[PDB]
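Take a look at the structure set out below.
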Amino acid sequence: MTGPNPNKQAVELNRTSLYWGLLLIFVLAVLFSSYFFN
Amino acid sequence: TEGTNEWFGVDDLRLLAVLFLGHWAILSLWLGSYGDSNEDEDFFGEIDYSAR
Amino acid sequence: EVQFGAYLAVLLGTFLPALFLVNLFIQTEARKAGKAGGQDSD
Amino acid sequence: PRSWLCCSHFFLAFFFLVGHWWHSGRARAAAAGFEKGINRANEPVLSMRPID
Amino acid sequence: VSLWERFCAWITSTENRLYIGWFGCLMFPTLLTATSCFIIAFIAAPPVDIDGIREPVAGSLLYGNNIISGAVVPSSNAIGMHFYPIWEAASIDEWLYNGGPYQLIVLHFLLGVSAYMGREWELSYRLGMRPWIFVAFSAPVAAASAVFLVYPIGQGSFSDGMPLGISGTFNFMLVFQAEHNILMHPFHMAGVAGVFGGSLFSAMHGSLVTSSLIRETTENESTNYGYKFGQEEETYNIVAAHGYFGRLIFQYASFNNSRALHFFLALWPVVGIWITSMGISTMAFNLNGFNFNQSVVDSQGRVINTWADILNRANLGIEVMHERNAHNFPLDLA
Amino acid sequence: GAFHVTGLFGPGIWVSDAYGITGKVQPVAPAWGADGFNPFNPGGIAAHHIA
Amino acid sequence: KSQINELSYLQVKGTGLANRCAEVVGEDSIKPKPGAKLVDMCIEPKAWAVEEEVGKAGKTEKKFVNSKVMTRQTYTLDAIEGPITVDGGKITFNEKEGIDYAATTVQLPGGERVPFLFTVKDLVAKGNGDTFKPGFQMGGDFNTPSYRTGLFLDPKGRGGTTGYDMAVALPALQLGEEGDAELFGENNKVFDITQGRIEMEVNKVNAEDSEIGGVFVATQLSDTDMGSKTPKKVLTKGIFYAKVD
Amino acid sequence: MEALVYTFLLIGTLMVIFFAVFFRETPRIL
Amino acid sequence: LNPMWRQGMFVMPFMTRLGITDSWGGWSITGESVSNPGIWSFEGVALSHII
Amino acid sequence: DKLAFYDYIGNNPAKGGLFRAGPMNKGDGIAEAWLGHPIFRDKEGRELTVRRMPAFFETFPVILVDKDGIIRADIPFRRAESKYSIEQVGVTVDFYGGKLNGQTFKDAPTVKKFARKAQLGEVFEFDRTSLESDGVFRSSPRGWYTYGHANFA
Amino acid sequence: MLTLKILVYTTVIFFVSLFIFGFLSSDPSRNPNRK
Amino acid sequence: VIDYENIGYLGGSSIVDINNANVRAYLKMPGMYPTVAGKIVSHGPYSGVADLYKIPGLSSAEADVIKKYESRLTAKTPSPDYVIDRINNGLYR
Amino acid sequence: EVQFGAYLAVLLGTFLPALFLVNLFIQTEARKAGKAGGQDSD
């Protein structure tokens, strides 16, 4: 190895942006399912 | 020709030059350190710690 | 007759990205509980 | 009598291969000094690199 | 200073990630070739004439199998014991038909496992350890060489060798039962006692240590975090677990010595698998197990059945059905 | 363009006729003129990657 | 030859020599006697070809692609006996005994394995003239038996003269008035006999040694596994050798 | 189509064997 | 009547464009049989992009 | 038709398998009608009953037994040395009730087809094209309930 | 097929010679006791 | 074959077939195994019991045991899968 | 013929429990980076 990277950061996702990203996936799952099942 | 009674499976003459250049190419590496040493230096141990 | 590879498209198109976004929230709350120093940091 | 010889001298010839493993593991380590165990004062692993 | 001494210093260095050693000079090229040919022959390999009757048995995944049925098929009955490399096959298509990769995998396996065993010796020498972990590993090396090497020798063909698979294993065990009667043989009996006993004393020793652990944690955190690595304090009250087992059976049946205790865990399985692997070996040369068929008779002389006669009728069912086309003559001499 | 395409040290490009009947991998000699910029000329591909 | 007969058994084995027919030396004429009986006719093919749908430039006419044999060295026929009867117009041959079948398997482009029984059973040869000459050329029909004798058991355990006759691990197929008649073809195992046409051609004779030998060409039909598939036409070529006595 | 799942399970199992050997949590004294 | 572009082959016309016609099975896209394609066949390219 | 429907080995819960899935109609199809009760008689005229498959046996050889236990006819595995084949004994089949109500088949091709399906209890006409019924028996909900709640316990 | 065969005898007696001349390289003296 | 007629004439009906029976089927007739039964099985298709006297290499004693059992011998249609395994069909006591 | 509900059994039997065990590891390392107070806690 070498030394520890000084470019370590942390990732954040608040409770607000969770519900956006969940609803984004389910609505795209509702929309595109009917075409994939054909 | 499988069940021929030939030495080390050497069917063709070309396979010998493979064998001789394999043992000797590492033998010459080995003689670069353990060769050209004193063949007349003994010990009364069970194991020798002479040199590299 | 429907395409039987569409169940794998939809149910992994739901679950794999949605379980991803849950993980970024759980480690967010763990860092906030990590710094806070009380009863949950460990 | 073939099946008695091929199943008994074969039977022994594995256990004498185990005798090559026992008696040479001890003899190589009796020559080196650690057949009785690891020294508590000087452990060789502690004077090595970090483990990775 | 020399190039060889700077190479011997690296190849015997314990400071490597994995110790290579001088046995790794012929462990790693052997086992990586047994591996890289196994993954290809298990996934994509055409069917193989195993019975020598030109009825090719599918064994790979691309030819409609699964994890259970798929298997690297042993070589042909037509080849038998002959050495069959790639260069003595005149094409690879002729090689893969006649059971090619079974000999390439097995022969590079038994060299690599007998070199993995010597490698366990070598690092014990360079670390200051007492040497004999590799003697305990002799017991599966004895058993691997019994079903892949010794049993094809005494039966005279690699086609009787063990198929590299899961369903092929049970084709091997049942046909070995009908032709050799392994269950009545006292060396399979001495290794069933080796692994039933081995799994007993494993879970019996592992429970008495975990029973007598010392308080070093709280009830919230894990039990395992009361052991700091490399500590010098003993992590369990060994007097406590001795007084428990000294009352569970009786007093004199308990090892107070932990060294003699940890030796008996290494004795019992390993001796049980040395003896078992020399059961397959002595039954490779058709010295079968016991045969008590028609042993109990009345005074009139009529045969009274026993449990061995019921066991015989199970052996007669597998004997008349294994290799159902390969036989032409009334006795399975092979 | 000089070795793989022109077949000096390579197989070449799949070429074909005008109507998709015959086609084979063959070396393609480059066309350097204004005919090289005809994109249906396979010689323009060899002339491009060389130039 | 007699050069092969010089060797012992330990010098031939493992060398692939016993597979190969002899080489006759020189050319002359030999006359078949009234009681003339052919002694050591061996046939060995040197090339194989299976009739397929070939991928030409734009067309798909049937042509022969060749193939690589995969059973190793087991293709040669040997020891084929038979009397040489003299019809007035044309000399004839009818084989009687000897190893007159050699099962083998060739592989096509694509990975398809085509087994076929290579045989000369019940051969009626007819050739121009009476005496064997370097211009002599005889041939005729032979009967191919099936590749499997009827007591062969398939993976389910079904044969023509033994075994079951239904899908043995599918017990709900024989329910109803129809039964299992949807898979009827894979239950009925039919022994099949087809025809084959070989064309031999003598070109080198010894009369002082009474042994002939030349080039043949044989066509026949591959196997079907008792009606499991459509058999395919197999052409082969090679060299033979015979002792005319 | 069916054997594609079996292959993905096998090489996926050999991935986590690779990461367990080389990216192991290296134990340290003190 | 069944080329590679009917069978939905996507990356396979990119191997045959630059000069790969044979395979280890023995078939070819040009239809001519081959005894040995060597290393660079369809299986050789696919296995070498993995390595 | 309901009473003869219980006299059928495909309704036994001890015939299914574990990792085969779905209803029992996936087994052989939705039943349509009762084909009737075949009665087997030889050329002598005595009544032959087909020996029935037990629940253990996945495969079972077709055996025709008269009233006292003597083996009178079967379907032979080995057809060479055959001493009890249907061709020798000359077994005719007679149906009674069902949709084959008065019928008699006398030749060996047809009698062997009904002798195989008579060891499976009664004889039914199924509809295996509606649910893509493959041809192996499943288990009843009696069998599945006993599976879970005894592996749970 | 006689070109592959040449390649194997190179690779075998390369590593076999590393094995043979490995233990001839004063191999008992390579212990953690001394030297 | 699923439905093969003349299964009985092979071995067990005590009226044997000629061109389809095993050589074990002629063991039940005293006098014919192995010599007289060996010639019948070896040669080709027969059309009747009168063709049994056409065998090349018959004695008066070999025709005698055929004359005894000529009511029990009968000839049927040669189905070619039974005609191959007439010396040995893989049946052993 | 295979059962088309087995793809949903296996590929969710892999992914759903295996993505679960990843989450317990990511929040474990986030709590350790949360308490540590340097460059990653936030």
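All chains are identified by letter, namely A, B, C, D, E, F, G, H, I, J, K, L and M, in their written order; residue positions are counted from 1 within each chain.
We take it that a contact is a pair of C-beta atoms (placed from the backbone, for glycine too) under 8 Å apart; a residue touches a chain by one contact, two chains touch by 3 or more.
Each chain and its UniProt protein: G = Extrinsic protein in photosystem II.
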Quick check: more C-beta contact pairs at E-K or at F-G?
E-K
Please state the rotation angle, between 0 and 180 degrees and to the nearest 5, that superposes the Cα atoms of subunit C on subunit M.
180
Of the chains shown, whose Cα mean is nearest the mean of all protein Cα atoms?
E
Using the average of all C-alpha atoms in each chain as its centre, how far is it in Å between subunit C and subunit E?
42
Distance between chain centroids, defined by C-alpha means - subunit D, subunit K (Å)
22
Would you mind pulling out the distance in Å between where the CA atoms of subunit F average out and where those of subunit K do?
51
Measuring from the mean C-alpha position of subunit B to the mean C-alpha position of subunit L, what distance in angstrom results?
73
Residue numbers of subunit G (touch at least two other chains)
68, 107, 111, 161
Two-or-more-chain contact residues of subunit E, please, as numbers and ranges.
4, 17, 90-91, 125, 127-128
Give the residues of subunit C touching no fewer than two other chains, as numbers and ranges.
22, 27-28, 31, 42
Residue set of subunit G touching subunit B in the complex reads 13-16
State the interface residues of subunit B toward subunit G in the complex, per the touch definition above.
1-4
Subunit I touches which residues of subunit G in the complex?
54-56, 60, 65-66, 68, 107-111
Applying the document's contact rule, which stretches of subunit M touch subunit C when the two form their complex?
4, 7-8, 11-12, 15-16, 19, 22-23, 26-37, 40-42
Residue ranges of subunit B touching subunit D (in the complex, touch as defined)
46-47
